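# Report on the structure
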Amino acid sequence: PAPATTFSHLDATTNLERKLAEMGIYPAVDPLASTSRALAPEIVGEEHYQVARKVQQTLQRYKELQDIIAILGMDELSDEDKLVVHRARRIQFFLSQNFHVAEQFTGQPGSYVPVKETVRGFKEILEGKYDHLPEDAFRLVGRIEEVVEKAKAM
Amino acid sequence: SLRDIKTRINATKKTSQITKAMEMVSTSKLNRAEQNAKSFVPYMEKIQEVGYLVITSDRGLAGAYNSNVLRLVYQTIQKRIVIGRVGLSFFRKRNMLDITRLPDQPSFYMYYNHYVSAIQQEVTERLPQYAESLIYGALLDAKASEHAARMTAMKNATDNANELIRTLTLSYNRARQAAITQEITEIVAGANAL
Amino acid sequence: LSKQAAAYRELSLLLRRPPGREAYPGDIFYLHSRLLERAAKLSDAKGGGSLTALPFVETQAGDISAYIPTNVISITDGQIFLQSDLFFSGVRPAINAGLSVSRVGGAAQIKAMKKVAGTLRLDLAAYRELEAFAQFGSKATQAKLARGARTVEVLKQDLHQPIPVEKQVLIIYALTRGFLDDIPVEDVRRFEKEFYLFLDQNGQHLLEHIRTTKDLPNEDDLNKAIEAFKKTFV
Amino acid sequence: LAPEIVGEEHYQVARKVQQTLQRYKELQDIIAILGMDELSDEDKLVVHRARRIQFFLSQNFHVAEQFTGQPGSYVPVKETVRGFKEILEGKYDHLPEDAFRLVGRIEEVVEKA
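Cut-offs applied
Residues numbered from 1 in each chain as written, not as in the entry; some residues may be left out. Chains lettered and ligands numbered in written order. Part of a larger assembly, values for the part shown. Heavy atoms only, no water. UniProt positions renumbered as here; feature names shortened; annotations may be inferred. Patch = residues over 30% accessible without salt bridge, like charges linked within 9 Å, V, L, I, M, F, W, Y side chains within 5 Å. Areas by Shrake-Rupley, 256 points an atom, 1.4 Å probe, with all protein chains shown as cover. Salt bridge = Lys/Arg side-chain N within 4 Å of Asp/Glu carboxyl O. Helix = DSSP H or I, 4+ residues; strand = E, 2+ residues; numbered from the N terminus. Buried < 20%, exposed > 50% of the residue type's maximum accessible area, 1.4 Å probe, protein only. Contact = heavy atoms within 4.5 Å. Buried area = accessible area lost by both parts, 1.4 Å probe. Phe/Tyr/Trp six-rings, centres within 6.5 Å; stacked < 30°, edge-to-face > 60°. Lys NZ or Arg CZ within 6 Å of the ring centre and 35° of its normal.

The record names cryo-EM as the way this model was obtained, at a resolution of 3.72 Å.

Chain C goes by ATP synthase subunit alpha in the PDB entry, where it is assigned to Bacillus sp. PS3. In the PDB, the title recorded for this entry is "PS3 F1 ATPase Wild type".

Looking at the PDB entry, chain B carries the name ATP synthase gamma chain, with the source organism given as Bacillus sp. PS3. Looking at chain B in UniProt, the text filed under Subunit (unreviewed entry) is "F-type ATPases have 2 components, CF(1) - the catalytic core - and CF(0) - the membrane proton channel. CF(1) has five subunits: alpha(3), beta(3), gamma(1), delta(1), epsilon(1). CF(0) has three main subunits: a, b and c."

## Side note on a nonpolar patch on the surface
All names here are of chain B. The grouping of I81, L97, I99 and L102 at the surface amounts to a nonpolar patch, some 420 Å² of accessible area in total. Take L102: it is sitting in the loop between helix 3 (85–92) and strand 3 (110–113). For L102, a relative accessible area of 46% puts it in the partly exposed group.

## A look at the interface of chain A and chain B
Between chain A and chain B, the contact holds seven residues from the first and nine residues from the second. Summed over both sides, the interface of chain A with chain B buries roughly 760 Å², with 65% coming from carbon and sulfur. Summed over the shared surface of chain A and chain B, the result is one salt bridge. One salt bridge connects B:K14 with A:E64, and the closest N-O pair in it is separated by 2.6 Å.

## Points about the packing of aromatic side chains
If you walk through the whole model with that rule in mind, you get 18 aromatic pairs over all chains. Ring geometry for A:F94 versus A:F122: centroids 5.8 Å apart, planes at 85°, classification edge-to-face. With A:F94 in helix 5 (residues 79–94) and A:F122 in helix 7 (residues 115–127), this residue pair connects regions lying 28 residues apart in the sequence. Measuring from centroid to centroid gives 4.8 Å for B:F90 and B:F91, while their planes differ by 45°, and the two rings are tilted. For B:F90, a relative accessible area of 13% translates into the label buried. Each member of the aromatic cluster is reached from another via a ring pair, and the members are C:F191, C:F195, C:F198, C:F229 and C:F233. Directly above the ring of B:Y74 sits B:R94, whose terminal nitrogen or CZ lies 4.9 Å from the centroid. Sitting above the plane of the C:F87 ring, C:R92 keeps its charged end 3.7 Å from the centroid.

Below, the structure is given as structure tokens:
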């Protein structure tokens, strides 16, 4: 009842799932249940809506396929279905960010990104430019330009 | 946790539906594969009238088709060429050509799962035209027995799901009833106190 | 409307009325009904008016078996449940054809709709149960799958573009007759609108006939607009 | 439905209906994906009899008149056993199955066919 009563007044809510806390991909914001009044064409524009909707829909689609994988196996599913996982893993990993106030817990100074680079980077990750970079390279990075460096580091 | 059993209920339901789908596609493909093999039988019969090989299924959920042949071939050789990726994996473990991923119903000693349609699979042990005819007949028999074994695997797999759902659903109603009873008991105790 | 209960809880608990199942006092059935029974189609002895109502109910993560939802289900002549995990699949508003039925339905329609909705169900009711498991295995069954995919694509709508009834029946007739399944899956959302723009420049006579007589026009003449469009679609 | 209540023959005829409808109820899944003609004689006879037990269920009623004009018919209880016993033996297998629709006596079924 307390969250149910609180949910009626917010204009934008971001939810945190302890599963994401245990996965080691911070912050723990779950994209599925996070919604806002700003996602309208007259406020964010058309360059925002299509990419956000595609990423949201892909992350919703992966949720049940990953559970099917837990029993049916890993190659019994078709290759086209496996591509959904192959790209959703990268999409979810790239959501992590190296913060500036977490320097005590991370030991790192962080990085900075503007919104233009965020929409731009998601467009590239859906474009297929980064299929061959390892997933673990996307953990706790900021601007997309850092990723190719971390792979260079590896 | 009631949410745990709820999520398990949905997951088991959807996995069982997927296994039922696997069952019906396997049944249809098995009928068509058996028809193909039967149509091929007369040509082997007429053409026949006029190192060890082991073959396995190409991916999982095949049941006991894979073990029963690899074990017997291995034993019969250490006592005194492989087709299939799990067959190559069985030699990646331990130590011992790798034609793989040929299309289903493929076109043109030996140890193989011999052909019968209903349930069972027999482990069996056995000039260019002669060799081609025997290897092709053997491979067709094995490919039919593979779909038969897959049919059986799905038919066994699709059953225990329903029992598991019914027992979790019963646990779900009992958890409900216990929760409501505890809640009302606390509420009425508070009301009586105040 | 569920917020009613909350207020009714608060005062009733402060007034020291005896609790109930989840502190809801048993008067809920009375309290709702004393309102919800007032909607009616009156007779000529008092007046030929009519009234309709759309109550709303809150639900926690789709637990339809809860107290208030099952309480309110009994009164109404139907149900439209909105399902959240489908809300992100693309269909909006998230109305599911499985859980929602109307007992009064089948009579309150223009006769143009009644002549066609049966085939729409003969595709959709099969798709909405078969797709979840039959989609993986790649003539009649795959044709059913593809047709159902195009139907569930064509039922979508963009944000706040209401359509008059006549264009609805025109597009439903276009879909069901089998003339629509050549447009590919992603372009359907464009097609359903460019048909709307085409019809006006083709003619108003069909639209006038449906407006006056509330009945499907001559099929031999109805098909001509579809035929002429398909010759020019891009 | 116990032999002490209904007699031996009516019990047998009532139970064997459920016994024989199960074959159709289970085989409908494989029938839905593959054709019938390639199956065994048992599946054929099961389909052949089940398509008539399936359609014999119907019966026109007296209230049906105001939307489908029919006189309305009745099934005698003593005659029901004779009728179902005769169908389940295959004495009426030669009649067209959909002709078995919406009527309450086998003799009228014979007349209609």
